[PDB]
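Listed below, chain by chain, are the residues.
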Amino acid sequence: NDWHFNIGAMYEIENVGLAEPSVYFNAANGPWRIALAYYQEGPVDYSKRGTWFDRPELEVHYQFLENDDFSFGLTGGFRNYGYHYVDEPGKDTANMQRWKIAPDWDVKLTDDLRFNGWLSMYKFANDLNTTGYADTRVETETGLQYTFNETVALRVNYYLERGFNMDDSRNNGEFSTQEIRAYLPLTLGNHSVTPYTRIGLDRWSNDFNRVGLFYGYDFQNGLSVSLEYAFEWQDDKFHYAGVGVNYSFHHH
Ligand SMILES: CCCCCCCCOCCOCCOCCOCCO
Ligand SMILES: CCCCCCCCOCCOCCOCCOCCO
């Protein structure tokens, strides 16, 4: 079968502040896909330093079935969160892993309408007292896709993320987030434009909205780039900007 490879890089900025460079490489053959990525997050002014962390990751995806009427796959993943704390009590480092098992599906309802989504089951282990994370988490984004034509499609999804603790007497990091996410994927030749919105339904930890715009360009020579902006707020204003480059090449 054909070996499909991808290599890429991204640089994101989240300021209310954070600089986040990352790279990745993935290979696919038949129903299998293996992805490796490295992500780092720290203050934009780390030069002045402060707490930061890196996030190596290995994911494997398997496609059980891929037909027009029904498609389903599964991804297994592992990540380590390497924290480096600055000017804070306790040890200055911590390592917490995240194990992920997540099915994804796409089911045809009509020639124009589809029901798709994914669901991730997570386990977090080690240094959770320092880290503050709940040891268990479930997340899901599932919904409907109405396709106008090859150029436009509408997607409206329900989103849920929640943290639980298997450890009966520990309530650290527990939370619940529910949202409605709408996207309007536009494909224009080599251009890709996807304006989207996140409508907060409710969230509690221990109304929030976001509007954004994704843009991607494909040079059709294996190279593609992307730019994206997002604005989130409560009453709490946050800004997000990101740029990326991907190079696609196959085998056989
Ligand atoms: C095969 C191509 C790899 C493409 C680069 C992706 C980056 C992969 O991870 C590098 C690991 O970064 C350093 C940390 O020490 C390793 C910890 O174990 C993490 C599991 O991947
Ligand atoms: C930038 C996105 C443009 C895409 C437009 C498609 C809009 C489609 O309809 C979305 C309708 O759903 C709205 C949100 O859910 C209701 C909110 O919850 C109620 C009270 O908080």
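The deposited coordinates derive from X-ray crystallography, with the record listing a resolution of 2.3 Å.

## What to know about the overall build of the chain
Counting its regular elements, the chain contains 1 helix and 16 strands. In terms of overall size, the chain behaves like a compact globule, its C-alpha atoms giving a radius of gyration of 20 Å where 252 residues would be expected to give roughly 18 Å. Seen through its principal axes, the chain has C-alpha atoms that stretch 55 × 40 × 35 Å. Sorting the 252 residues of the chain into buried and exposed places 35% on the buried side. Here the chain displays about 14700 Å² of accessible surface, and carbon together with sulfur accounts for 57% of that area. Computed over 20 positive and 36 negative side-chain charges, the inter-centroid distance for the chain is 2 Å.

## Side note on the site of ligand 1
Neighbouring ligand 1 are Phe25, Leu36, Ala37, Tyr38, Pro56 and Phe78. Protein contact buries 49% of the 580 Å² of open area that ligand 1 shows by itself. Here the shell around ligand 1 takes 3 residues from strand β3 (residues 32-43), the largest share from any one element. Each residue belonging to the shell around ligand 1 can be placed in one class, and the counts come to 6 nonpolar, no polar and no charged.

## As for the packing of aromatic side chains
Across all of its chains, the model carries 23 aromatic pairs by this definition. Relative to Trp52, the ring of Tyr46 has its centre 6.5 Å away and its plane inclined at 80°; by these criteria the two rings are edge-to-face. According to the relative accessible area criterion, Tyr46 is partly exposed, its value standing at 34%. When the ring of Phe78 is compared with that of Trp99, the centres are 4.8 Å apart and the planes differ by 70°; the resulting orientation is edge-to-face. Here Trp99 lies in strand β7 (residues 93-108) and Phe78 lies in strand β6 (residues 70-84), a separation of 21 residues in the sequence. The partly exposed category is assigned to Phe78, whose relative accessible area is 28%. Members of the aromatic cluster, joined through ring pairs, are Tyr39, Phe53, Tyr81, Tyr83, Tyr85, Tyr122, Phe124 and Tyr133. Here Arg55 stacks its cationic end above the ring of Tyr39, 3.9 Å away from the centre of that ring. Sitting over the ring of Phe208, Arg203 keeps its end group 3.7 Å from the ring centre.

## Some details on the site of ligand 2
Close to ligand 2 lie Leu154, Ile180, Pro195, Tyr196, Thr197, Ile199 and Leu201. Burial of ligand 2 by the surrounding chains reaches 46%, relative to a free accessible area of 620 Å². With 5 residues, the top contributor of residues to the shell around ligand 2 is strand β13 (residues 191-204). Within the shell around ligand 2, the residues separate by chemical class into 6 nonpolar, 1 polar and no charged.

## Structural notes on the nonpolar core
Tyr39, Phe53, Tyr81, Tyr83, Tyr85, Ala94, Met96, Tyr122, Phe124 and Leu128 form the largest nonpolar core, which has 10 residues in total. The set of elements that each furnish at least two residues to this core consists of β6, β7 and β8 (113-125). Ignoring anything within four residues of it in the chain, the contact list for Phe53 reads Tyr39, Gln40, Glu41, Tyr81, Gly82 and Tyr83.

Cut-offs and rules
- Residues numbered from 1 in each chain as written, not as in the entry; some residues may be left out.
- Chains lettered and ligands numbered in written order.
- Heavy atoms only, no water.
- Helix = DSSP H or I, 4+ residues; strand = E, 2+ residues; numbered from the N terminus.
- Rg over C-alpha atoms; globule rule 2.2 N^0.38 Å.
- Buried < 20%, exposed > 50% of the residue type's maximum accessible area, 1.4 Å probe, protein only.
- Areas by Shrake-Rupley, 256 points an atom, 1.4 Å probe, with all protein chains shown as cover.
- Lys, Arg positive; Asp, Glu negative; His and termini not counted.
- Charge placed at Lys NZ, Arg CZ, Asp CG, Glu CD.
- Near = heavy atom within 4 Å.
- Nonpolar A, V, L, I, M, F, W, Y, C, P; charged D, E, K, R; others polar.
- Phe/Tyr/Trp six-rings, centres within 6.5 Å; stacked < 30°, edge-to-face > 60°.
- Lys NZ or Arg CZ within 6 Å of the ring centre and 35° of its normal.
- Core = buried A, V, L, I, M, F, W, Y, C linked by side-chain atoms within 4.5 Å.
- Contact = heavy atoms within 4.5 Å.

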